[PDB]
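Asker: Protein chains in written order, with our numbering: chain A, -19 to 359; chain B, -19 to 359.
Just so you know, even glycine gets a beta-carbon here, dropped at the ideal spot from N, CA and C.
Can you keep this structure in mind? I'll have questions shortly.
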Ligand SMILES: NC(=O)c1ccc[n+]([C@@H]2O[C@H](COP(=O)([O-])OP(=O)(O)OC[C@H]3O[C@@H](n4cnc5c(N)ncnc54)[C@H](O)[C@@H]3O)[C@@H](O)[C@H]2O)c1
Ligand SMILES: NC(=O)c1ccc[n+]([C@@H]2O[C@H](COP(=O)([O-])OP(=O)(O)OC[C@H]3O[C@@H](n4cnc5c(N)ncnc54)[C@H](O)[C@@H]3O)[C@@H](O)[C@H]2O)c1
Ligand SMILES: [Zn+2]
Ligand SMILES: [Zn+2]
Ligand SMILES: [Zn+2]
Ligand SMILES: [Zn+2]
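Okay, structure coming up:
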């Protein structure tokens, strides 16, 4: 190819400082080293995770950085010893790695591979503990091991899911975050049985995928809870059967739910990242067997609380990370399901913009009057 | 019989008011009404649950009352419509009912039958919403639906486990509380797999039964944690393989455990009823799959807390109520395990005294070195 083994110069949205507009820059992208993959990022979506770090409220935040973690693209080059992917392969770079060999991958009880976490957590690559991005010979931090706000990114091979090349890249970029998180919270983490009564707190992309997962599981009732009643109508198509706006009830939300379900739900899913709501989601579960799954990522430092009698009396408290899906092994299977029209993906995208419109997409996300916004990186 | 249909006059340890010595009184015990069983209580054990109410720390505490909830005896008479038990049957009255036909009993996902809780919780019988005990025509409240500190008690038939008549009643009185709670926390709630690594917080009767359950489950390591190192030696016989005294380490106990178990335990069991230790028990669990079971009953109003990242990263928080055992269906099965020498019971009894020694027995329990104290009711 033209770029193989060479430093690439491309466009990237750089966050020089927290809480300031992103700046589209020309960046240098170093070639991939051993166990690395350089990806042409065709489309990137954005989510609250990108905004949390950009805001300056993330203690793990490192500036200047290239944000972004939901993307689909094409392998431009591979580093030494890469064999699962080759140039030209269609891929989804994932924030959750799957080395297949560690304690976690070989456990059979989790998807939390820790192989590259010490490097990705500090915005660098494992091979040399340095970033592959630079502006004027000065490094720019990676983010979540993905950095999808760059036209070309360098990621660890263990994070690269190889997907069907016929799959639309402007759609499947969602399968690296929200959609599998929501579906897997139901299918892998909770393991929702047919006939279950489900409560979904937060009717955004994540809560809507939980609703779709619970509908595929054959839940008898899917109760949708949101503080914005305008989000109720779009929710019906994702499987939500009933709605509650907590602002319309003086009594605690858990009490409303308990009153409507003869003691509480079989499964609840908190899809917001609000510690108060996480307690309510636990407490709205039925005595004896009710299970609350935390999906929402709460701001660092915040605590969840309840009275232990809640768990002594049969309620279970758990959480999910990427819906318990193993990235390399299972993300391709989700793309296959989507192609066979077995799962929805397109319905979670409300807007399509271009890389130059990054700030406008973040403002729209900040308004909260959209679902996923997909950006075309090469307009 | 001599007493069938008649009011019995017998000895009972009465708690007239909180935090005062119990008085051995002559009480009138009314005959059983519909769905009731009058039991000759041959032996009663004492536990922290009797002391919590006695001390006046229980806001649900009603005085004057007949305390006691761990006993074994013989059916003296039955009320109309009672068919599972007959006069002369050997029985264990249980604080947890099993009606076999409610939402909970049928569900197949819990042992928390709610049939008689409304009446037992207020120290009365369901049939007429009054007590069967009186002194000078004045009522004395029941306790836990059991009131085992009386030579004769009246209990709901749904709380009566029928047991093998050869089982020694001075030993099996323990199978109505502590021992099944510990064993079941492992076998039923956690469902501990062979080779697991277990942490047990609190090495009293309950923690020791957890250790025995975990050892029977094939746990590879059983780490016992107690603030009193004198409790370590006796714990080895119960299956505890290693010990930690939190007072001997400046680092939080969960860190000490993580450091000894390559990331944390597979299962932890809190057997104290201390909210701060409950948090440590959750946090000492391994990322991805570690499960913590709350066994200890905390003081009313106390809250448990953690950071939600602990659950999002794969730890599970649950609790147990009577070890998930169904009283009428499974307590006889535990009596059978004891008679097969499959489970220990004798080993948790450090003292045998008489009903007249009740206050001496509570004093011993307050000192907190003893395990179970068994009282001979008819001496
Ligand atoms: N665990 C994981 O692996 C993982 C992965 C991806 C995303 N997430 C988390 O999922 C959450 C949701 O993401 P999203 O993209 O769907 O967000 P979103 O902004 O589209 O949706 C959140 C919804 O919650 C609603 N809401 C806010 N406060 C509320 C309250 N008090 N009660 C009820 N509803 C309320 C909002 O109106 C909105 O509809 C975030 O917290 C994100 O961190 C977790
Ligand atoms: N969930 C149920 O169904 C159920 C049923 C019966 C009993 N229980 C609970 O079991 C608990 C234990 O009962 P028990 O009879 O074994 O009590 P116990 O007094 O015999 O044992 C408690 C132990 O905890 C230890 N301890 C106290 N503080 C400690 C700390 N900070 N760290 C470590 N160890 C500490 C004490 O030294 C003691 O050895 C009680 O809280 C009781 O409510 C629960
Ligand atoms: Zn995302
Ligand atoms: Zn791995
Ligand atoms: Zn007890
Ligand atoms: Zn029942």
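(1) Do you know whose CA, among B/9, B/91, B/138 and B/40, lies nearest residue 61 of chain B's CA?
(2) Could you check whether the Cβ of residue 258 of chain B sits closer than 8 Å to any Cβ belonging to chain A?
(3) State yes or no: is the beta carbon of residue 67 of chain B nearer than 8 Å to at least one beta carbon in chain C?
(4) Does residue 173 of chain B come out as helix, strand or coil in the three-state DSSP assignment?
(5) Can you find a C-beta in chain B that's less than 8 Å from the C-beta of residue 283 of chain A?
(6) Taking 8 Å as the CB-CB cut-off, is residue 292 of chain B touching chain A?
(7) According to DSSP, is residue 252 of chain A part of a helix, a strand, or is it coil?
(8) Between residue 50 of chain B and ligand 5, is there a pair consisting of the residue's CB and a ligand heavy atom that are separated by less than 7 Å?
(9) In the segment -8 to 31 of chain A, which residue ranges form an unbroken beta strand (DSSP E) of at least 3 residues, counting only runs that do not cross its ends?
(10) Is any beta-carbon of chain A found at less than 8 Å from that of residue 269 of chain B?
(11) Say whether chain B places a C-beta atom closer than 8 Å to the C-beta of residue 317 of chain A.
(12) Note down, in chain order, all residues in the segment 87 to 114 of chain A with a beta-carbon under 7 Å from any beta-carbon belonging to chain B.
(13) Answer yes or no: the CB of residue 153 of chain A versus the heavy atoms of ligand 3, is any distance below 7 Å?
(14) If the cut is a Cβ gap below 7 Å, which residues of chain B does residue 278 of chain A touch?
(15) Roughly how many angstroms separate the alpha carbons of residue 131 of chain A and residue 195 of chain B, rounded to a whole number?
(16) Let's see if you can read the secondary structure: which residues bound the beta strand (DSSP E) around residue 70 of chain B?
(17) To which residues of the same chain is residue 367 of chain B closer than 7 Å at the C-beta, ignoring the five residues directly before and after it?
(18) Got a sec? Which residues, its chain only, sit under 8 Å from residue 114 of chain A by beta carbon, not counting five neighbours each side?
(19) Kindly indicate the opening and closing residues of the beta strand (DSSP E) around residue 323 of chain A.
(20) For residue 356 of chain B, which of helix, strand or coil comes out of DSSP?
(21) Verify the CB distance criterion: does residue 171 of chain A have a CB-CB separation below 8 Å to chain B?
(22) Can you list, in chain order, the residues of the segment 57 to 84 of chain B whose Cβ is nearer than 8 Å to any Cβ on chain A?
(23) Out of curiosity, what's the CA-to-CA distance linking residue 329 of chain A and residue 124 of chain A?
(24) Taking residue 255 of chain A as the query, report the chain B residues whose CB atoms sit under 8 Å from its CB, ordered along the chain.
(25) Determine, using beta-carbon pairs with one atom in the segment 89 to 96 of chain B and one in the segment 302 to 309 of chain B, whether at least three such pairs fall under 8 Å.
(26) Suppose you measure from the CA of residue 214 of chain B to the CA of residue 170 of chain B; what does that come to, to the nearest Å?
(27) On the three-pair Cβ rule with 8 Å, is the segment 97 to 116 of chain B touching the segment 169 to 188 of chain B?
(28) If we count Cβ pairs, one from each stretch, closer than 8 Å, do we get three or more for the segment 318 to 333 of chain B versus the segment -16 to -1 of chain B?
(29) If we define contact as Cβ-Cβ less than 8 Å, is residue 300 of chain A a contact residue for chain B?
(30) Residue 314 of chain A and residue 160 of chain A look like a contact to me (Cβ under 8 Å); what is the Cβ gap, rounded to whole Å?
(31) What's the C-alpha gap between residue 357 of chain A and residue 134 of chain A?
(32) Do we get a CB-CB distance below 8 Å when we pair residue 274 of chain A with the residues of chain B?
Answerer: Considering the structure as presented:
(1) B/138
(2) yes
(3) You won't find chain C in this structure, because its protein chains are A and B.
(4) coil
(5) Closer than 8 Å to some Cβ of chain B, the Cβ of residue 283 of chain A qualifies, so yes.
(6) yes
(7) coil
(8) yes
(9) Complete beta strand (DSSP E) runs here, min 3: 3 to 9 and 16 to 25.
(10) yes
(11) no
(12) Per Cβ criterion, the list reads 87, 89, 90 and 92.
(13) no
(14) Per Cβ cutoff of 7 Å: 288.
(15) 56 Å
(16) 70 to 73
(17) Absent from the model: residue 367 of chain B. The displayed extent of chain B is -19 to 359, so no value can be given.
(18) Around residue 114 of chain A, the same chain offers 7, 8, 10 and 120 as residues with beta carbons nearer than 8 Å, after the five sequence neighbours per side are excluded.
(19) Careful: residue 323 of chain A lies outside any beta strand (DSSP E) and carries neither H nor E.
(20) strand
(21) no
(22) 83 and 84
(23) 22 Å
(24) 288
(25) Touching, yes, given that three or more Cβ pairs across the two stretches are closer than 8 Å.
(26) 25 Å
(27) no
(28) no
(29) yes
(30) 6 Å
(31) 16 Å
(32) True, the Cβ-Cβ gap to chain B drops below 8 Å.
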